[PDB]
Every structure is written in structure tokens, then in C-alpha cells.
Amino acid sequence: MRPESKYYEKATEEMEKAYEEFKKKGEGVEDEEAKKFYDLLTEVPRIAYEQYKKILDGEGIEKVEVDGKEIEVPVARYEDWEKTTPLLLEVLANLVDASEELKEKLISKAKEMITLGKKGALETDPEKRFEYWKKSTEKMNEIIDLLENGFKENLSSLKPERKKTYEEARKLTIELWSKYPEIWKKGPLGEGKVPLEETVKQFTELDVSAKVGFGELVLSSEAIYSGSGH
């Protein structure tokens, strides 16, 4: 087994348990609004499970030549992110009843953020690799700027419980997402300070926090039910 195989195994298992758990809890939820939250936050770990499973199953990796060495890049994980980051932002958008314009902008930027990062990951030219990372971080910064701007995220309209859940969920999102570029930077595709193994491990831990942790936080909320948010 390759050093990083165990963290791909861990992620697969962890996501599968989360998917099954959320799905089970949601099966008894008949509220129209809450069912939507269960739907999105069940789908997110399901996708992660499927994509990590592909890696585990010997698909979803591409080799990229870096500094004379071949790096096994998990392209399947980028395809996961490309799908789940917009869904997670859709959850935040729904919590604060954001406009269509704002929701679509967030979703767009998330997709672009991951597309750029994946382009970076597959670049053999170090200068182009950095550039793609930089452009991706700019999309991430734009997302965070939108989330943080209190004029754009009108909260005055929310019930206390709902506002609190939003604040917690937004804080978690910003804390976690901000860490992804730093792991990338320190890993084999960036500075090469941290081995691939450690990099994979740290990403799996973020992913679990970002999907399972975030899912548990929102789904355990009293504020996702009809007439409970506004």
C-alpha cells in the first residue's frame, strides 16, 4: 500500500458513514424546508464517498511530473470539490435567504475556484502552477468577501435561532476553506515542504470537517424548519 492509501481509505469510510447517517435521519423528516437541507447535505457526502471510492479503486489519479518526480494527483477529488463546494454555498445561501443573483454568483465562483486549482495541479510548469493557485485563491477570497459583507448578507430579517446557525455555519466555512490553499502551497505541488502523504491526510480532515462537521451543525439546527427562519 502507498503511504497515502490509508487516508483515502479513511475518507471513503468517513464520508460513507456520514451519507448513511444523514440519509437515515432525513427519512423521518417531513417538513418541506428541512427536507431540502437534508437533501443537499446528504448529497454532499455521497459525492465525496463516491469520488474517494474511485481513488481507492485505482481510478481518479493522474501522474504529474514535478521537479523530476511523478506526483499522483487525485483528479477525482477535484471533481468532488467541483460538485460539492457549490452545494455547500447553496446551503449558506438558503440559510440567509440570499437573492438568486448572490446565490448564482457564489456557485459560479466556487466552480471556477476548483477548476483553476485542478488546472494548477496538472501543470508541470512551476510558474503556471503558481499562477493557477493564485487565481484560484482570488476566487476564494471573493467568496469569503461576499460571505462576510453584512450589507450583502441581510440578517436583520432572520429569527434569532436561524441567524445563529447561519453565523456558526459561515464561520466554519471560512475557517476551513481558508486552509485549503495553505495545504496546497506547502505540499508537493507548491513549496514541497510537506510530503504527498501528509497533504492527502490534511485534505481528508478538512473535507470531513467541511461536509460531515458542517452537515451535523446545520442538520441539528432548530432553524431549518418551515416558519422557523423568518
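Start at 1 with the first residue shown and count on from there.
When the C-alpha B-factors of 152 to 160 and 106 to 114 are averaged, 152 to 160 comes out higher. As the entry records it, the average C-alpha temperature factor is higher for 119 to 127, out of 77 to 85 and 119 to 127.
When the C-alpha B-factors of 182, 50, 31, 191 are ranked from the entry, the top spot goes to 31. Each of 59, 43, 168, 175 has a CA temperature factor in the record; the biggest one is found at 59.
Residue 142 sits in the lowest third of its chain by CA B factor, as recorded in the PDB entry. Residue 96: CA B factor in the highest third of modelled residues in this chain (values from the PDB entry). In the deposited entry, the Cα temperature factor of residue 200 places it in the lowest third of its chain's modelled residues. Among the modelled residues of its chain, residue 221 has a C-alpha B-factor that falls in the highest third according to the deposited record. Among the modelled residues of its chain, residue 20 has a C-alpha B-factor that falls in the highest third, as given in the PDB entry.
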